[PDB]
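Colleague: The amino acid sequence is not available; the structure is as follows:
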């Protein structure tokens, strides 16, 4: 029933901007690199797929990671601890039967003790000001899918996760959601972005052209990346094994 | 007896009502409870007169202090004090007005309450009523969520028959139960256990089947060995209530969730388009 | 311990349900229904004619008897 | 490659690894696969626990060649309109299922090779039992709680059925002294286990004597809620040479300590006497006869298919979880 | 001892008698170089490999992962391998190949099944509705 | 396989010091705006009139804890 769908859409469109993290934050930090953000998120998605979690858990966890690093200096040895704390917070918020603190202090090979994780939790709740209900791309994808073949959505979510692997932090989550949805639609069946979505979100193809080509080139370069944890995860028939498809060479915009 | 210590703060303010709420925190077990996090995050995101406001969050090393907005009296004791005289009808209508406004706001901002009961409703000494207990709230985007909900006396047949999706039409049913016991000072469905609750609901509203509820015989926990009860007189269910309210209740306690009116749809009902604003009659 | 309920009925049968504590509850068969001999051996105290007529899956520790008029 | 060129035995060997939903799904591919979806070797053992269904659906399925049909507590409240051939079912479970009398009559008027039956809780009548007379191979039978039929029907059924191994004619709520009399008069001679509880004001020492003098091979017996069995009945059971599990629970006319004498029957193993023994005195009875088992199992076993989804030790392969 | 098996075109592969004993046909035959004109050498070598890995076996359902990886190839040779395993009548090999095909069919729709298996559909557009009618109670 | 090390151990006592110093922000403003010793659960000089209302007055929500014979007949109860 559409008694609230458009209202929630407008609300999320308003909220996605207030919590938007800074872009150039990574250079300010002394000892961390974008390569290192990629390594953290790689290990993080590995651990998440281990404990049989949900993808929105990962979305919110990496969002907390981003909004945190953009505001606090840290030494590299603490990045895993912070990532574990963020995943724990995401599980507590969204997931039904949250994996306990013991599992997360174990998976780190006990490089950290429980009390350190608890104090990091105190700190991260302090800095985040207890505002964890941030919007993510996945909600936009799911809302868009209402206007539907399982493979299309699997590919779209795949592209969204690929985007969060690494110029996308300049675009809004709605922007990246639209780009991934349209490119996946073209890849799977060649159809184009229908009018009703443009009426709904106001976004046109022309506005999303830059992120569209960024997503296309990253899609091309993805199969040869140094890390394929998302790829091997999406090699399973649960996601229909769709990670092995060919990246289209050039769009027909 | 009745252990606890609570503090107040009343100097210079229109909403001078405040109250401190402390919760114990066991440090080395699960850390902060999921309920606390859900309540804090989903609460400092909403602002409305028909909803209790939060003012600040105090996170110590082992204790959490919450600067809630104080209020006078809940609804259980309020009905109990006037259990023999009844409640004026315009007061009921205004209370229901504020309740439906709050429900529309909460469901518009993607939050489920899932814990409505007259112990979680608070009234002011002027006629304003606000909700509380957002500890069971969760941000829904419809997936499958937690399958243990509000309270046996105010659950809805969606959960009792163990359905897989319970999208935001359960709070409407809970509101129907609360309004009905408002009018009649009698809990409609005082269940003993879940099966007794189902039998009571049936005996009041007749046994469901395919005609009334589409796709009911395919629910996980339906067994046609059920009693063959028929929908009894609606007027005798709630005697002191008029025809317009009888209609509103009929489309407000209907089986099929899709055939159950939502908040904004209810906001424009005739019985409900007539709105007054009285004040409470007893001490708060 | 053994808690009984009132009688509620439609025009044709009269029903009753009974709640049992944990120790007796953990004996109820999950496969077949019961017979008067069986639930009397369990420890029910009631008349002749009551028939155990279904099992509610979510809560096994509640029994449901009916009998005609 | 042309996988339609596959030979039929290979295709059947493939299909013998599926589950019922998919087996149904593949049937709609091509006419050859439609034929091969039903080849009387895939449909050995069915299972429809609690599932609602329809008379024509179950008739078609049974006609396909089922052997062990397990359908307990399922609801069949619609009229059967089609005819069939004599079925091939050998074990049938229908316990507690809500079915119509006409539909049940129509269904049973086709099955003739029934090796094992159950009809617990249901309601029967004269045409049903008259048709059921044909089953001249019933090893077991179970008619607990049933009600409605007549004495001529009962005697004809029991006369026609000769090999009846175990009988559970319990708790029926319309019987008469005539019913129980003709029952014990015409009971077959190979009854290994038998139940006749409930019939408080209709069980008499004369009929019990008739039983113990006709059938010499009772191994499990119960006469619960019988209010006219005395210690003379006691010595009656003393003629029984194979009674291993007796249960006279809530038999009031029996004075507790004569139960000690029961220990004196040699081949006894258990004795469930719930209701009569005052508490604490159970230890007295144990000390009086410590070579037995008193009140160690509440539940019966006389022709109950399931006491473990396997009916009577058989495994159902086509199921629905 | 050993025995020299010749395929459809002369690739005589010598194999221990205790290995070829797996093939029941060859077993009952050595009871009382040979060409097997129904098997090309390509599949035959894989058959020999499977027998060797299983040469000392005791003698869903947990497909052994060795066979699983041995089975990680496309349609055509899977088809031919199943046919050859039948023709030589070696129990476990046909068992596991059948199970593999069964599981790969598991789940997909009739359209996908028809496409992947290259099955010529027939008697359609009026009867599929009827056969679907025969499947409500699912 | 997920059990891996990313960077090996690093000092943790400096981590405790750093986190507690980060948390040493919510001690001044707490007493400033709210004039209450939340750490010691004690009131202060005033400007927020601190009393102790007994639990019998306010609605319970503000202090709710988190989460031959032996006849076969019916003898009533």
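Modeller: Structure received. Numbers count the residues shown, from 1 in each chain, chains lettered A, B, ... in the order given.
Colleague: What about the residue in chain E that chain F sits nearest to? Give its phi and psi, please.
Modeller: Going by Cβ to the nearest Cβ, chain F is nearest to residue E:65 of chain E, at 16.3 Å. Every C-beta, even on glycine, is put in place using the N, C-alpha and C of the backbone. Per-residue torsions, residue E:65: phi -70, psi -30 (degrees, to the nearest 10).
Colleague: How about the contacts made by residue 16?
Modeller: All of this refers to chain A. The contact partners of residue A:16, by Cβ atoms under 8 Å, 6 or more residues apart in numbering or on different chains, come to A:134, A:135, A:172, A:173, A:174.
Colleague: you looked at the wrong chain, it should be chain C
Modeller: Contacts of residue C:16 by Cβ under 8 Å, 6+ apart are C:4, C:5, C:6, C:7, C:8, C:46, C:50, C:64, C:65, C:66.
Colleague: element containing it, please.
Modeller: In this assignment (DSSP states H and E), residue C:16 forms part of strand C:13-19.
Colleague: just how off-centre is that strand within its chain?
Modeller: Strand C:13-19 sits 7 Å away from the centroid of its parent chain (Cα atoms, centre = their mean, to the nearest Å).
Colleague: again with stretch A:15-26
Modeller: On Cα atoms, centre = their mean, the centre of stretch A:15-26 falls 14 Å from that of its chain.
Colleague: Give me the three-state assignment for the residue nearest to the spatial centre of chain E.
Modeller: The centroid of chain E falls nearest to residue E:82 when counting by Cα atoms, centre = their mean (2.0 Å). When classified by DSSP: H, G, I helix; E, B strand; the rest coil, residue E:82 comes out as helix.
Colleague: which residues touch it?
Modeller: Applying Cβ under 8 Å, 6+ apart, the residues near residue E:82 are D:10, E:94, E:97, E:98, E:101.
Colleague: Tell me how far the first one lies from chain F.
Modeller: The reference is to residue D:10. For residue D:10, the distance to chain F (Cβ to the nearest Cβ, to the nearest Å) stands at 39 Å.
Colleague: what's around that residue, how many residues?
Modeller: Using other Cβ atoms under 10 Å in any protein chain shown, residue D:10 is surrounded by 15 other residues.
Colleague: Surely residue D:238 is in a strand?
Modeller: No. Residue D:238: not assigned to a strand; according to three-state DSSP it is helix.
Colleague: quick one, phi psi at the residue nearest to it when sequence neighbours are not counted?
Modeller: In space, and not counting its chain neighbours, residue D:238 is closest to residue D:265: 5.7 Å by Cβ to Cβ, 6 or more residues apart in numbering or on different chains. Main-chain torsions, residue D:265, degrees, to the nearest 10: phi -70, psi 130.
Colleague: Likewise for residue D:267?
Modeller: Torsion angles, degrees, to the nearest 10, at residue D:267: phi -90, psi 20.
Colleague: how about it, what does it touch?
Modeller: When contacts are counted by Cβ under 8 Å, 6+ apart, residue D:267 touches D:241, D:242, D:243, D:244.
Colleague: swap in residue A:46?
Modeller: Per Cβ under 8 Å, 6+ apart, neighbours of residue A:46: A:229, F:1, F:2, F:4.
Colleague: The second one - how many residues pack around it?
Modeller: Look at residue F:1: counted by other Cβ under 10 Å, it has 5 neighbours.
Colleague: Would you agree the residue nearest to residue D:238 is in contact with residue D:239?
Modeller: No. Counting by Cβ atoms under 8 Å, residue D:265 stays clear of residue D:239, with 9.6 Å between them.
Colleague: which of those two has more neighbours?
Modeller: The neighbour comparison of residue D:265 against residue D:239 (other Cβ under 10 Å) goes to residue D:265, with 19 against 12.
Colleague: can you tell me how far the more buried one sits from residue D:192?
Modeller: 17 Å (Cβ to Cβ, to the nearest Å).
Colleague: Same question for residue A:123.
Modeller: 76 Å.
Colleague: repeat for residue D:290
Modeller: In terms of Cβ to Cβ, residue D:290 sits 27 Å off from residue D:192.
Colleague: excluding its backbone neighbours, what's nearest the residue of chain E found nearest chain D?
Modeller: Nearest residue of chain E to chain D (Cβ to the nearest Cβ) works out as residue E:102 at 3.9 Å. Counting by Cβ to Cβ, 6+ apart, residue E:102 lies nearest to residue D:17, which is 3.9 Å off, once chain neighbours are set aside.
Colleague: Look up how far residue E:97 lies from that neighbour.
Modeller: 11 Å.
Colleague: Does chain E have contacts with the one helix or strand residue D:9 maps to?
Modeller: Under the criterion of DSSP H and E, residue D:9 resides in helix D:8-15. Yes. When contact is scored as Cβ under 8 Å from any Cβ of the partner chain, part of helix D:8-15 falls within range of chain E: D:10, D:13, D:14.
Colleague: What is the burial count for residue 219?
Modeller: I went with chain A, as the question did not name one. Neighbour number of residue A:219 under other Cβ under 10 Å is 21.
Colleague: actually chain D
Modeller: There are 18 residues near residue D:219, going by other Cβ under 10 Å.
Colleague: Surely it is in contact with residue D:191?
Modeller: No. Contact criterion Cβ under 8 Å: residue D:219 and residue D:191 do not qualify, at 9.1 Å.
Colleague: Who are the packing partners of the top helix by length along chain C?
Modeller: In chain C, assigned by DSSP state H, the helix with the most residues is helix C:36-42. Judged by 3 or more Cβ pairs under 8 Å, 6 or more residues apart in numbering or on different chains; DSSP states H and E, the packing partners of helix C:36-42 are strand C:51-55.
Colleague: Is the next helix or strand after the strand it packs on positioned near chain B?
Modeller: Using DSSP H and E, the helix or strand that follows strand C:51-55 in sequence is strand C:62-68. Yes. Strand C:62-68 reaches chain B (Cβ under 8 Å from any Cβ) through C:62, C:64.
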